[PDB]
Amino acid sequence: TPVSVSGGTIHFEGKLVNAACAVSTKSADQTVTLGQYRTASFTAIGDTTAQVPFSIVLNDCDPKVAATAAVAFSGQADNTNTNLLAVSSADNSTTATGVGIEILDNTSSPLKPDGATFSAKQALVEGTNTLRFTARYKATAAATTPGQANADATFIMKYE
């Protein structure tokens, strides 16, 4: 018996600015796999899947230029809960409904995906610095439907 599954990926891009730090070329164009989940196991508004880790790696940082770094995220927001990213599918596949994608900083704080809600400021050390995040699905309806649940977002660095 086939199973109904919801899952997909989120793709992140950012500007390559030679500011206080330089963003790794790997981090500035990356795809994070969120997993596949049994659709029937989403049974209530607010159900969430496991947090999937991803990183933004900064190279060649100079704390003398800027003591701290933070990140904001921008994408098309879910209409039911605008603190989540709306999900989409490829043309050959159906889109899941009743879920959005949540991004959290390393303090476990969700970030509104409006391009102006920045993560907790992190102290920089000379050279390479790792900024850690997670992503997951969050149900926006009690009854969800199966399919692909992908998103595209941009990230924005703030050095202070």
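One rule holds for the numbers: they count along the sequence shown, beginning at 1.
S.K.: Do the CA atoms of 23 to 31 or those of 107 to 115 have the higher mean B-factor in the entry?
M.R.: Per the PDB record, 23 to 31.
S.K.: Looking only at CA atoms, which has the higher mean B factor in the entry: 139 to 147 or 13 to 21?
M.R.: The stretch with the larger average C-alpha B-factor is 13 to 21.
S.K.: In terms of the CA temperature factor given in the entry, to which third of its chain does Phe42 belong: lowest, middle or highest?
M.R.: CA B-factor rank for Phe42: middle third.
S.K.: Looking at the entry's B-factor column for C-alpha atoms only, identify whether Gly100 ranks in the lowest, middle or highest third of its chain.
M.R.: Tercile = lowest for this residue's CA B-factor.
S.K.: State the tercile, meaning the lowest, middle or highest third, of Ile56 with respect to the CA B-factors recorded for its chain.
M.R.: It falls in the bottom third of the chain.
S.K.: Quick one: classify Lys121 as lowest, middle or highest third of the chain based on its Cα B-factor.
M.R.: It falls in the middle third of the chain.
S.K.: Test of reading the entry: by CA B factor among the chain's modelled residues, which third contains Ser88?
M.R.: CA B-factor rank for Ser88: middle third.
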